[PDB]
Amino acid sequence: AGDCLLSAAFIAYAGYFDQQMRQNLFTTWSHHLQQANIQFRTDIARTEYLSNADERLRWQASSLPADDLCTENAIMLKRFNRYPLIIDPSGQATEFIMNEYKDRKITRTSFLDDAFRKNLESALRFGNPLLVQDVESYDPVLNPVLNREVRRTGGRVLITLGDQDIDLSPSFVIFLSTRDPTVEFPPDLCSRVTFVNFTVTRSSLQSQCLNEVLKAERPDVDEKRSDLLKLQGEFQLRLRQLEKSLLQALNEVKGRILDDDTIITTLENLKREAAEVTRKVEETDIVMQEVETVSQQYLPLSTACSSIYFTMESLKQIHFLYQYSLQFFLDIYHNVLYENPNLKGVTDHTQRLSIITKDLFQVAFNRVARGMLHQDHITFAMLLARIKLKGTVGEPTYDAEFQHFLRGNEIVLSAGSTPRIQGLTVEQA
Amino acid sequence: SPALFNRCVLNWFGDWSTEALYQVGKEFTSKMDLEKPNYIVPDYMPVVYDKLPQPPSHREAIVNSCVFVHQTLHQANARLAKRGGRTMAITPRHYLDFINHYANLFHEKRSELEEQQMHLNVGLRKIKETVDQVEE
Amino acid sequence: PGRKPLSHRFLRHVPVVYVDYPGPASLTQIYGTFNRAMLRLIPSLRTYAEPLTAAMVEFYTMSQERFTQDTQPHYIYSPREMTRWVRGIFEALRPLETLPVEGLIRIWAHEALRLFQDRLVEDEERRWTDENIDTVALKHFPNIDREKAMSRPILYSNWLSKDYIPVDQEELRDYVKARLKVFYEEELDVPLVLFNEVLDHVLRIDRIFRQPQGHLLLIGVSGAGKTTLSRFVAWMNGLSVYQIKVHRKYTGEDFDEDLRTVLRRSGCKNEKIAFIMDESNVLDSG
Ligand SMILES: Nc1ncnc2c1ncn2[C@@H]1O[C@H](COP(=O)(O)OP(=O)(O)O)[C@@H](O)[C@H]1O
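Chains as they are written, first to last, in the entry's author numbering: chain A, 3504 to 3932; chain B, 3082 to 3217; chain C, 2718 to 3003.
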């Protein structure tokens, strides 16, 4: 009951919130259930509880990012009651949702076109799905279908669209999709959709960055965490399938004593699998602990990475020519992970991390400055410098010093401005 | 519009109160099987002041958890509005959606687990029969 | 809001006068005349016409002192509120005969609750108003027994019995539960669970529907249940429901046409119409 409550509250409420907000809400709900002694499974992961491996592989083949936030959003799109409203600055979600329903012949449309109505009822007749773009100009004619009103009469399901009356064909789904991350919807439309948010934030980008660096630098820890993730449902499903194969073999051979060898091998094989699973269970906590330490070792870099990228985006404020996209910083990170001359023979994990951090700062600065005005280069350097100061350990934050340097120099202290010595001028004083 | 706001009688259909949410949860989660005889009674966790039993059992604990989830969503929206902004309103239809998803997902999980258990029992019986055959 | 100052070239010809809300003396006189006319129906309460009117006026005064337009835009107060107060009391008193002062003050308090309390937003305001009504009732009627004011339900409904009479909350709850069973058995398949607030709101919606008024505007969050309760009450009182399904290419001539359709189905045919609509239906100020 507790695990179900948490999963449902996540897939129904925890929409439109960034990864950190979703994690915070999940932690609060689990803490309350612990306070209420409701038996919910400890450290559950919602990624695989609500969908086993097969859907994950199909989504990955359906052009979907491997981000944890993206997997949760795909889960939300798979299990929804109110029709979803996709928010994504990039087109990854739209391409994924087209590729997922190619068999059901999903059609593209938008509010602005004059044929939105026509393909709307055309999709309504044959149970054709309908994805609609540019949700900012919402059509009120979509109200009857969003409320899912059914005027069933005479053994058949009916719906009213304006003055027209249509037959509500089953297997019909509508996916609302937008392009602008910054838009304020009316509460009437907000209540009728399950907000699915794909926008990349500090926490989502940091999670992607940490996952990528874990997969690259230490594949063993990545394998261990993937094993922990599968241990909840996928390993049990595989064991159940192997058991079913054992049962079908046993009833096909009728337990003949001549076939015993072919049985025995299989039997012992199964035992080995079970033993392996048991061993994994018997080491779960230890494995978890190790992963945590590794994460705590790689936590700074990822954070710095996130900061760096957002600085790049904020660089559009200084000059109109400094527009940079997530793909550019992703290319920078992929270059600094794999194509490193400095990582040709380095083996010490901490030394590899230090080299990766230093070369990341260097390459990011170089690639940003190659397309930056000369008068701004130093500015960017300081920014990265400040990020490094926030990323380093054993040093004070210097918050007061930096605040004085940037904005603290403009404060009201003209009173008592003595000339002091002849060298000092009035502005110097 | 002051003129329209005076020409008729105004009724403030405010957001559903805590009692309303608790009753909605109880009635919309009734068909579910949530009777746990061995449920220990914790301390603290006030959400509904008028708890139906003074010591809550499993069902009232679960509906109290649901209403607490809704209130935490409200508080999270308020906090996000305070620090910056960018908040979408939370409405009782969200609570209905949450309850419906929770009921459906509980039914699906319970049905799957019971089917797996019955498959286990069928396998146990079949393997006992094969053991008898081997003994013969 | 929505008002443009007149041009000085036109204002030069037209003198203007400021017609303010009638003062306490004018209000007392005008509604004392109405109360003295109304209470003649039952001769047993004539001598209590003078205090009751004053009480109403008194209440209205603090009901105008707080709830300024600064707090909430809909916190307006005009003699129309007193007119509806008197008309509702008279409507309740019309079929009933031989009433003691108990019933008179009970329905006075009920009308005060329905006119000066259900429009409010926050709980402290509501309890302040309830305290004000009971204190004023004690001030102008201290001789009466404290049997009418402390009654916490204080809800009327003509559904039970044959006329507008006070009813207990539990029996009305059972009746409305049975009626709503019958209701979602026929259309609106989605279940409806009834708490206290929905009961209060269905009673208020029915009270507004029954009287020969012209509108009932609902203020509240999305999905809270305004439309569904409106439809449910319309089903109770035999009110037909008309929904205008607006769209992107909708024109005001269509609104004029369906307004005329509602007017002809309501006036030329005695069929009572409950035409329901929302903000998505309104686009322009026309
Ligand atoms: N008392 C209630 N019990 C159960 N469901 C309710 C109740 N009140 C409202 N609802 C639900 O709200 C949904 C839509 O309400 P609606 O009338 O559209 O609200 P609004 O008038 O705020 O738009 C309905 O599907 C209904 O199930």
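Ideal Cβ positions, reconstructed from N, Cα and C, are used throughout, including at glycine.
Measuring only the C-alpha atoms, how far is residue i from residue j?
i	j	result
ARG3923 (chain A)	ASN3912 (chain A)	19 Å
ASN3158 (chain B)	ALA3170 (chain B)	8 Å
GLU3189 (chain B)	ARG3695 (chain A)	24 Å
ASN3843 (chain A)	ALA3867 (chain A)	13 Å
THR2764 (chain C)	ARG2863 (chain C)	20 Å
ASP3521 (chain A)	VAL3790 (chain A)	28 Å
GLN3735 (chain A)	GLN3595 (chain A)	29 Å
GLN2928 (chain C)	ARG2836 (chain C)	18 Å
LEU3623 (chain A)	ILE2922 (chain C)	36 Å
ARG2844 (chain C)	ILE2850 (chain C)	10 Å
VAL2938 (chain C)	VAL2950 (chain C)	19 Å
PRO2883 (chain C)	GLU3687 (chain A)	47 Å
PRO3123 (chain B)	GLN3538 (chain A)	7 Å
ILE3578 (chain A)	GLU3715 (chain A)	21 Å
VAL3635 (chain A)	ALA3626 (chain A)	12 Å
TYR2959 (chain C)	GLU2904 (chain C)	15 Å
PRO3083 (chain B)	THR2785 (chain C)	12 Å
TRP3093 (chain B)	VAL2838 (chain C)	6 Å
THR3853 (chain A)	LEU3863 (chain A)	15 Å
Hey, would you say the C-beta of residue i is under 7 Å away from at least one heavy atom of ligand 1?
i	result
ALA3184 (chain B)	no
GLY2940 (chain C)	yes
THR3663 (chain A)	no
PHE2912 (chain C)	yes
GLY2820 (chain C)	no
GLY3658 (chain A)	no
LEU2909 (chain C)	yes
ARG3174 (chain B)	yes
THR2944 (chain C)	yes
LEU3649 (chain A)	no
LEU3731 (chain A)	no
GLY2937 (chain C)	yes
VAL2915 (chain C)	yes
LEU3177 (chain B)	yes
residue 3059 (chain B)	Residue coverage of chain B in this structure runs from 3082 to 3217, which leaves residue 3059 (chain B) outside it and unanswerable.
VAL2963 (chain C)	no
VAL3105 (chain B)	yes
Taking the alpha-carbon of residue i as reference, which of the options has the nearest alpha-carbon?
i	options	result
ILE3121 (chain B)	B:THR3110, B:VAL3150 and B:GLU3141	B:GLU3141
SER3672 (chain A)	A:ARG3705, A:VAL3696, A:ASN3631 and A:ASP3642	A:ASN3631
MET2994 (chain C)	C:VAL2731, C:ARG2948, C:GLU2842 and C:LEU2758	C:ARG2948
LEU3000 (chain C)	C:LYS2989, C:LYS2966 and C:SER2983	C:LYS2966
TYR2881 (chain C)	C:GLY2931, C:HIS2827 and C:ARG2753	C:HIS2827
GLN3523 (chain A)	B:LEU3161, B:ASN3202 and B:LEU3186	B:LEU3161
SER3809 (chain A)	A:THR3860, A:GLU3776 and A:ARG3775	A:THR3860
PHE3513 (chain A)	A:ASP3788, A:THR3697 and A:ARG3775	A:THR3697
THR3110 (chain B)	C:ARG2977, C:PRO2908 and C:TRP2952	C:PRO2908
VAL2818 (chain C)	C:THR2846, C:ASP2906, C:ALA2866 and C:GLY2940	C:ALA2866
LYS2962 (chain C)	A:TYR3801, A:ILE3662 and A:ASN3714	A:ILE3662
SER3917 (chain A)	A:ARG3910, A:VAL3929 and A:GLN3925	A:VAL3929
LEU3713 (chain A)	A:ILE3590, A:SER3805 and A:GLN3830	A:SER3805
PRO3684 (chain A)	A:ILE3890, A:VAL3703, A:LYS3727 and A:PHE3583	A:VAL3703
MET2779 (chain C)	C:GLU2988, C:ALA2829, C:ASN2913 and C:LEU2877	C:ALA2829
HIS3822 (chain A)	A:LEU3580, A:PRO3689, A:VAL3871 and A:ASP3546	A:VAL3871
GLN3214 (chain B)	A:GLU3795, A:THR3610, A:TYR3604 and A:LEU3753	A:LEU3753
Below 7 Å on C-beta distance, what does residue i contact in chain E?
i	result
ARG3585 (chain A)	No chain E is present in this structure, whose protein chains are A, B and C.
Inset, instruction - Select from the segment 2782-2796 of chain C all residues with a C-beta closer than 9 Å to any C-beta belonging to chain B, and list them in chain order. - result: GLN2786, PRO2790, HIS2791, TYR2792, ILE2793, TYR2794 and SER2795
Legend entry - Proximal residues, the segment 3626-3650 of chain A versus chain C, C-beta separation under 9 Å: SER3640, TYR3641, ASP3642, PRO3643, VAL3644, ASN3646 and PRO3647
Legend entry - Contacting positions in the segment 2882-2902 of chain C - beta carbon closer than 9 Å to chain A: none
Inset, instruction - Return the residues of the segment 2947-2962 of chain C that lie within a Cβ-Cβ distance of less than 7 Å from chain B, sorted by chain order. - result: none
Inset, instruction - Using a Cβ-Cβ cut-off of less than 7 Å, give me the residues of the segment 3170-3194 of chain B that come near chain A, in sequence order. - result: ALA3170, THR3172, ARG3174, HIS3175, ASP3178, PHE3179, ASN3181, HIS3182, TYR3183, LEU3186, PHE3187 and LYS3190
Inset, instruction - Quick one: which residues of the segment 3529-3561 of chain A get their C-beta closer than 7 Å to a C-beta of chain B? List them in chain order. - result: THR3531, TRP3532, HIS3535, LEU3536, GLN3538, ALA3539, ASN3540 and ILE3541
Legend entry - Interface positions of the segment 2914-2943 of chain C facing chain B (Cβ-Cβ less than 8 Å), listed along the chain: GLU2914, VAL2915, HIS2918, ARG2921, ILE2922, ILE2925, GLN2930, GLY2931, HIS2932, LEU2933, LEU2934, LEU2935, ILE2936, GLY2937, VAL2938, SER2939, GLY2940, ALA2941, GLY2942 and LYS2943
Legend entry - Residues in the segment 3096-3127 of chain B having any Cβ partner in chain A nearer than 9 Å: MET3113, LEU3115, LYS3117, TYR3120, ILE3121, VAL3122, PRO3123, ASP3124, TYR3125 and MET3126
Inset, instruction - Taking only beta carbons into account, state which residues of the segment 3516-3530 of chain A come closer than 7 Å to chain C, listed in chain order. - result: none
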